[PDB]
Each structure stands twice: as C-alpha cells, then as structure tokens.
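Asker: so I've got this experimental structure, pasted below with the sequence.
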Amino acid sequence: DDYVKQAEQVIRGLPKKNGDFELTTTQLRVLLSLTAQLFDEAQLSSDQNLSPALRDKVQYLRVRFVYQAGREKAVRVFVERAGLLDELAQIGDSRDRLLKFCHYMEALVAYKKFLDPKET
Amino acid sequence: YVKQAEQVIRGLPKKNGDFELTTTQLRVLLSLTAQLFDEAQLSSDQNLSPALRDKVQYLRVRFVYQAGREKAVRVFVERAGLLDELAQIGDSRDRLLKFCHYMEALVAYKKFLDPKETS
Amino acid sequence: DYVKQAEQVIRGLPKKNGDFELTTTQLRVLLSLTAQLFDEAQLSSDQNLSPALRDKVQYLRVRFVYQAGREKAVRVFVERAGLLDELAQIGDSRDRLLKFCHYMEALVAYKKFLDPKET
Amino acid sequence: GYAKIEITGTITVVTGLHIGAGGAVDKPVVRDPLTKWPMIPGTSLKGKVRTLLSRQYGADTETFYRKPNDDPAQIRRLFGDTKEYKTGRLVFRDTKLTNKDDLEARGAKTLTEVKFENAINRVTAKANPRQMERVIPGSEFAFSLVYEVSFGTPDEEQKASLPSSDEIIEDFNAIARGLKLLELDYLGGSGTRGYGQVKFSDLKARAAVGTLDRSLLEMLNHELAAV
Amino acid sequence: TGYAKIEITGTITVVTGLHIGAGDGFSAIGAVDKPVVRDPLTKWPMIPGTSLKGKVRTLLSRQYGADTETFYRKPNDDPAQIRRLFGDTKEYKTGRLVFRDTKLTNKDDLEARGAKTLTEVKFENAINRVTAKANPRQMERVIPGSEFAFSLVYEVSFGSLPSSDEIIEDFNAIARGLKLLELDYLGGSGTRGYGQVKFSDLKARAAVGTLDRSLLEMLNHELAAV
Amino acid sequence: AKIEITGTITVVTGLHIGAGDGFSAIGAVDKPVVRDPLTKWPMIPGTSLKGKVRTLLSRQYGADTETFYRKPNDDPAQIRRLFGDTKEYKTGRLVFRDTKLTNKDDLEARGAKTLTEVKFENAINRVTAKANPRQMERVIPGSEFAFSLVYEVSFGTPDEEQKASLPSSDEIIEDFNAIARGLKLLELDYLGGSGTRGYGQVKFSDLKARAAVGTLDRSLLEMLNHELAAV
C-alpha cells in the first residue's frame, strides 16, 4: 500500500542518457488523461464489487498502454519497471487496487515534473 | 516554527522590484490542508485512522507536483522545508497540526509583505 | 503610559473620506478570541504561562498579521500601535499579557468613542 | 392538547450556493464553526420566503409594501409580526450538511469549491478576477419546521381565537407557494448569475404532538406535493 | 410514603445556536452588545433556570390550555395542574419545582474539537422590499456543540398531602412538557434559526428522603423517554 | 409572475471556458477547463453566459457615436431593466442557471470517449528558428448541456422613487427582442473566450417558455416565442 514511496525511486530508473530526460511529460497526455476518465466514475459507484459493465472498461486503458509500449521504447521500460501491466491483470477483481493504481499513477507524474523546468 | 516564517522571507527572490509567489499559486494547497486538519481536530484518538493517513499522503503527491510549477514555487518549499517534515506525519496527530500551524503561519506572511504595491 | 497613549494613535490614524476607514466591525475575529484568552488568562493562578497557552498567544499572533495583510487599514494600524512588538516580548508571563488585553481594550473603547458609531 | 405539528423535509442543492458571512478565502459559506461543515441558517430561509410569499399574495393586485410589516393577514399570521400577532407560527430549524460521508465516498474531497470569475472593463478589456466559493452541488441538507394550532395571543379584542383546520389548510398552500417559487428562485448571494437553484425533496408534515385528526394531516401533505 | 426530594440529572445540549441574551451586560468588547447570559467569573455561557421555567411555564400553559381554550391570560389564571409545580400568588405557593441554573460543563471537549472562541458571531441582515438595501448587524450566539448540565428537584407532598398519583401524573406532566421544548425554540431570536436544544440522560433518583419503590420507576419511565 | 424559458444548448466547436488553477489539476494541462466538482463533467458557468450577453449588447443597443459604455453600469435603461446595477437597486429579472453536461449516457455510444481533448496548437514565433509548443484544451463538440432561465415581474413595484415601476404585458416584448438580439450574435460568436481560434458556437433547440406562476395572456407567450425561436 506504500507505493507512493515507490514512485520516488522508480522515476530514477528511467534511462536518462544525455543528462536530460527522454520520457518527458508531453508524450504522456494520451496516457494520464485517459486514466482520469474511468477514475471519476469508479468512485461514483456505491458498490464495492464491480459490474461487468465496469470490468471491461479498464481493458481499453490496458491495451492503449501496450499500444504505447509498442510505439515508444520509453513507455515499454516505464511499464515494466513500475509493473503497470502487471497490476493491470488483477485490476478486474475489485476497484480498491484500481483506486490504489491510479493513486500510484498520480505519484509518477510528481517527481517527473519536480526535475522538469515547466515554464509556460 | 513561527519565527522561521520571518526567516524564510529573507531568501525569496525580490530583487526585480516585486514578488514571485502569491496565495493564488498555492491556492490549491489551501483547499486541501485547511480541509485536512479540521478533520484532525474532531479525531478523538491520537493515532490517525486510515481514512486520512492517505489524505496527508494525498497532499504529499500534490505538494511536489505543485513544486513542479514555475520557479516561484521552486524557492518556496525548500526554503520552508515542507516535504522534509511532511513524510514524518503518518502516525500521530500532534505535529500534523503543527505542520499545518507552520504553513498557516507561513501563508499569513508570504504574499502578505505588501502585495498591493507588490513590494 | 500605555493606557493613555492609545489616544494619540487612535487620533494618529487618518481618515479623510469623512468616515473612519478602520471600522470596528473590522476586528470581530481578533476581538472575539482575545476575550476567550482573557477569560482564562486571569483564571490562571501561576505567574508564568500554562503549557497549553503559550501557543494560544502565538495562535492569536498570526491572526494579527493575517488580518493585517487581508486589509489595508489594519496593514498600517497594527505596527503603528506596535502590537507585533508587544506580542514579541510577551511569552514570559501574564505580566505583559494583561497589559495587552487592556491595551486593545484601550483601543477598542477609543475607536468606539472617536466615531459617531450609531448602534 | 392542540399542540405543535412538525413538518420534516429535505433540501438538496442543484447548483452551488453561497451565503457569505464576510487561507486567503474571501467569501465563504456560513461555516458551522465546531465541525467546520456547511450549514444553512433558518434566517436565509425565513427572510427569503418573506421576500417571495409577500410578492405572490401581494405585489400582483398593486401593493407597494414598503416596509417589512405592512404585509397581509395570511403572511403576518404565519411569519410573525409586532402589531397583530395571533401567533408566530413558522419556526424554521437551522440546518447543516447532512451527508458528509456520501459527498466524501463519491469522490469529492474539499467540500467547498473555489469557483472563479473575471471582470472586464471595456475601456481597456482588462482582466480583474473574482472567486465565489459555493457549496458542492450534491450537498443534501435536512430540513425541518414545525407548525402549531396557533392559538392567538391577541392585542386585538378577538380574545382566544383558536385557528381551526380551515385556517390551517390555507397555510399549507402558503407552505406550498412559499417553497414552490423558492425552488424556482434563489437562496444565496451572487445574485442573478445562477447560484442556488435548489430542489426541496421528501416534504412531509407530521403530528409531532397534538390532537390532530386522522383525515386532516394526509390532506395537509397534498399541498406539499403541489410544488 | 414519607419525604422525597426527587433530583433530576441530565445534560442539555444546543443543537442550533442559542442567543438567550442579557440586555446591558458588562462584557465590553464591541458587538457583544447582544451578549449571551454569561457567568460573571469564568465568563462561560450559562442558562438561567428562569428561562427553563419561563419556557415550560409558557409552553405548557398553551398546551394544557389552548385545548381547554380559555386562554389563561395571567400567571395565576393558569390551572392548578401547572401552577402546583410552578407557583402562584393565589395559593401563595412556593412552586414545587426548583429549576436550577446551569453553566458550561464541557468546555474541555470544546477545546478538544478545536472550537476556538466559545461564542460565534452569526451575522444577519435587513432587506427592505422597496430599496433592496442591505442593512447588516452583528448578532452573537453560543457554539452549537456545547452542553450544559440539567438539575431540577421536586419536593414531595407537604400540605393534607398530595397522594401517590399526584406525584405520578404531575411528574409525567413535566416530561410531557419537556419534549415540547425539545422541539421548540428556547433562546432569543425564536422562529428564525436559533435556540434549539437537545436533552439526554434524564433520570430520577432519591437524592434524599424515603422515596418509594413503585413510584420511582414510573418516574424513570417518561423522563428517560422524553 | 415567474415565467421560465425552457431550452437546450448544443456546442459545435471547442470550448475552453474557465481555467483558473484546476479543481482536480492532475490529468489536465496548465490551462484547464471548469468541471462539475462532484462528477468532473465540463459545465457552463452562469457568469460568462451573463458576461457575454451584457458585452454583446454594448454594440447593437448602443455605442452609436464613440460612446464606450466604458463601464456596464452606464448601460441603457433596458439593460438595467433586465440585469440590474447599483444605479437603481433593482433585483434583476434575468436569473440564469449553472448548466452541467447532460448526455454522458449518449456521447459514449456515439463514438466519443475522452469527454474533452487537448488539441495541440502552435505559436510560430520567428526569433531563433522555432515553433513554440502550446497545448490548449477543447471539449467534445457532440456534447449537449441543458438550458433554463426564468423571467420574473414584480407587478406591485420593483423600485422606490416611483410607486410603480412594474412591467405589464407591454414591456415584455422589448425584453424578448432584447433576448432575440441578445442571443443573436452568440449563435455566431464564441460562447467562451480566447477568440479568433474557432470557439463556442451553439445552437439553441426547443427554446420555448413555460409560465411558472400566475395567469398569462394566451396569445402573448407564443408570439414571444418568435423572438425566442429566431435565435
């Protein structure tokens, strides 16, 4: 349950070869903006155990991460370090992991931007 | 650490004639920390019930994500040392309040050294 | 002379618009709690502070500077009467604390008096 | 005993709501200062229906109604007066945030938004912000009020004039048209910009104490559904 | 069937605010000009037993009346069945119910829940229907979580003495008369979102005197109930 | 005396109404969009919807010969008769609402999923041979909110200087013409802001009217609908 501490070190496992980053935040807006949309109604269900209308909906989020993993090598090592596709197998059991997974996922953006300039 | 609040303003960038941070930059912080410790007062037991040991961990996600903004907030957290004592919170209620009592002493000062002339 | 010199500063703050810009309604959060401090400061038998109350003169102290920055008349009124310094050297005992609770009482009664203030 | 008859009910907001009472948050809701929840006072529910039910019975057949006490009989019957005073008949309970849990369990966390705004002056189209903190639009409040058999304490010579059921059953239409327009109208500040569409739900009268007959009270609820 | 002083415990608690006021007190801070009935020493909010008399005096005179309909125009015009508790100049009687004062008991828990100033300044307003002008005011009331103790006694028959049933139904007349006040206002600014109170733990005992056996649990019935 | 204007609003373009700071601010860009704080659906605020109608009407209902209407309290007295000011202390007769999203259980079946999209834009600034990135956000143009507002008439008197400032059944039609020409340009101007970028055109369907309370003229409220149905 302490995986918010895990995001402090699994961001440093990103291979940063120039001295700079290579997995900048800009590539991730097709990832982090689509996990928000299921999250907003996941809490809205009063039932703990999910409906089959909600078990199948996470599956599109799963296959878009493997589309990105086949797209970009940076995402392919981003997944298998923090084990996203590993935790996305038993995420069809109940939402408490699905709640803890996106809670983990929100922590991955944090120290990533902490080392990024982000001037607009 | 109320005297630290006068001390941290002696390091923030004001050489350009004006100030960098506001209460508007750290506004989303104040919608969370003020909501937090007013649920800690009604807590009768000393150790935090698990319903808000993640809510203080919700903040620790937010603070560094808010620290990932423009360099006005870059000076602010580390000259305050918010994060360095924010991981310490997870067990007992008392200095959780003094954590909030520190930043409430802080945000009462950090935009509030003459923002109307912006000086 | 602390119970008279609150007059040449309740005069000394200026109003040119006809009405006193420092309303007495502007202090109903500083002076609804400084009553609650005074109601248990005097019930204390010891000369020094109780341990549960030296934070109370600190918790009140930031509310002075927080409501100082939130307004513009209070922004200059407080340090011109110097309530930051008289709260700086107050943490020892109730010797200077009950000077403070009657220094504000010298200032709320004067500010009621030097206004028309229909009620 | 011809005693007091309790009307329960439930208000639920449909959009945000903002009852000012004055972090650097400028315009809050009325904060119930023990539990720091949002509350709805019984004063912005009496002083607002008196601005509507004294513009429905009155202000249609040309009544100016310049002061808060020139109001008609069937208003100053209920809402109380200083002059005639049969009985002050509308005790309004203050009320607070009922479902703190379901507002927390179903996702929302901070219990009070900071909804922004902006000013634009067409001398120079310059932006001046504004922040109107409202209630969460699903914040349901409980809603209670008590009626009574309203036995008159008269300044007037009509001594011991007890209201019977026919005077009572007029008032439930005044309960109906009191809140029927109130669902259509505001409650809170930031006037005529959309805040405070509310929906009064589950309205029920209930003979809490008294000797009310069986036939009456179920017909007194018939006005309550007419809104 | 000898002597009895039935003492009544319990804890009243404000649910809403409460603005039972003192007119011209001596609190001297500002818009405490609408004060609450405070203690003079501790300056903690309290409740006079006059009001707890003068609400159950009033709101049972129109509940035992306004059914018998004769309006009971003066506090001797009330029937015996109220004034044999509350007192009259007609029979010169001493009352029979010493409604005691009570003050702020749990100030300690109110510092545990972080409640800061013990008296919250509930603002209100005046809107005139032609001008639509806001005339404000600064009305002041107690914290809506605070709790006061509850203490009344009830002397037994002395004058050739009220029998067993006169103890029973008249004590039941209190509990009938008390649940009215629970659903009624108590403080000042009635009918407008103030002055509602909550009662709890209301039991009888034999604090002194030779109280009987059957005639106590009947009195621990309704007052524990309502 | 109250008469509610039932309606429905449908967007056809991107809409970036309201950024501020971010209520959620986790999954969005540095320029966010407002959202229903219980459910995170992009609402429409009743402020800019009033903040557009008042500022579209300082061109057609005035500003004829270099009169700025430099602050909108200097509006003509028809605008004060609808909105209100501190000039006459009137309550206003145009009470809006706050309108949230409605077709959540329709947009997912019409092939749209993400409920909003960050359309990447450029800023080609010729300084040091670059095309500046910027990532403003739009909303789905197949999304339908709802619409309502109520008109109210104080038939006793809404003011103080005269004992009668009420509208009878004659003043309503110039107000509905000011509703007609009010919502007219908004059907071809951007509902939100950040203009000259293809934003905020909406088509009001079913813009009918229902009398909330009272008895009205049978012919009136349907010829009033002509000024509703025109725009």
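Answerer: Thanks, I have the structure now. Numbers count the residues shown, from 1 in each chain, chains lettered A, B, ... in the order given.
Asker: and the residue nearest the centre of chain A?
Answerer: The C-alpha lying nearest the average C-alpha coordinate of chain A belongs to residue A:105 (Cα atoms, centre = their mean; 4.1 Å).
Asker: name the nearest residue to that residue, ignoring sequence neighbours.
Answerer: Closest residue to residue A:105 apart from its sequence neighbours, by Cβ to Cβ, 6 or more residues apart in numbering or on different chains: residue A:35 at 5.9 Å. Using the backbone N, CA and C atoms, a C-beta is placed for each residue, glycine as well.
Asker: what helix or strand is the residue in chain D that chain E sits nearest to on?
Answerer: Residue nearest to chain E within chain D (Cβ to the nearest Cβ): residue D:42, separated by 2.4 Å. Secondary structure here is read from DSSP states H and E; on that basis residue D:42 sits in neither a helix nor a strand.
Asker: which SS class is the spatially most central residue of chain D?
Answerer: Centrality entry for chain D: nearest residue to the mean C-alpha point is residue D:45, 2.7 Å, by Cα atoms, centre = their mean. When classified by DSSP: H, G, I helix; E, B strand; the rest coil, residue D:45 comes out as coil.
Asker: distance of it from chain C?
Answerer: For residue D:45, the distance to chain C equals 24 Å [Cβ to the nearest Cβ, to the nearest Å].
Asker: verify the stated contact: that residue with residue D:90.
Answerer: No. With the criterion set as Cβ atoms under 8 Å, residue D:45 and residue D:90 do not qualify as a contacting pair; they are 9.7 Å apart.
Asker: can you pull out the helices in chain D?
Answerer: Ranges of helices in chain D, per DSSP state H, are D:73-76, D:100-105, D:165-184, D:214-224.
Asker: ok, which of these comes nearest chain A?
Answerer: Judged by Cβ to the nearest Cβ, the one of the helices of chain D that comes nearest to chain A is helix D:100-105, at 7.6 Å.
Asker: can the closest one be said to contact chain E?
Answerer: No. Contact of helix D:100-105 with chain E is not found when judged by Cβ under 8 Å from any Cβ of the partner chain; the minimum separation is 14.8 Å.
Asker: count the neighbours of the residue nearest to residue D:170 when sequence neighbours are not counted for me.
Answerer: The spatially closest residue to residue D:170, leaving aside those adjacent along the chain, is residue D:74, at 6.3 Å (Cβ to Cβ, 6+ apart). Other residues within reach of residue D:74 by the criterion other Cβ atoms under 10 Å in any protein chain shown amount to 15.
Asker: residue D:74 is in contact with residue D:174, isn't it?
Answerer: Yes. A contact is recorded between residue D:74 and residue D:174 when judged using Cβ under 8 Å, the distance being 6.1 Å.
Asker: common neighbours of these two, please.
Answerer: Taking Cβ atoms under 8 Å, 6 or more residues apart in numbering or on different chains as the contact definition, residue D:74 and residue D:174 share the neighbouring residues residue D:57.
Asker: could you check how far the closest residue to residue A:14 other than its chain neighbours is from chain B?
Answerer: Beyond its immediate neighbours in the sequence, the residue positioned closest to residue A:14 (Cβ to Cβ, 6+ apart) is residue A:23, lying 5.5 Å away. The gap separating residue A:23 from chain B is 15 Å, by Cβ to the nearest Cβ.
Asker: likewise for residue D:53?
Answerer: Relative to chain B, and taking Cβ to the nearest Cβ, residue D:53 is found at 37 Å.
Asker: correct me, but that residue touches residue D:179?
Answerer: No. Contact status for residue D:53 versus residue D:179: not in contact, 9.1 Å apart, counting by Cβ under 8 Å.
Asker: what is the neighbour count of the closest residue to residue D:7 other than its chain neighbours?
Answerer: Computed as Cβ to Cβ, 6+ apart, the closest residue to residue D:7 that is not its neighbour in sequence is residue D:205, at 4.4 Å. The burial metric for residue D:205, expressed as a neighbour count using other Cβ under 10 Å, is 24.
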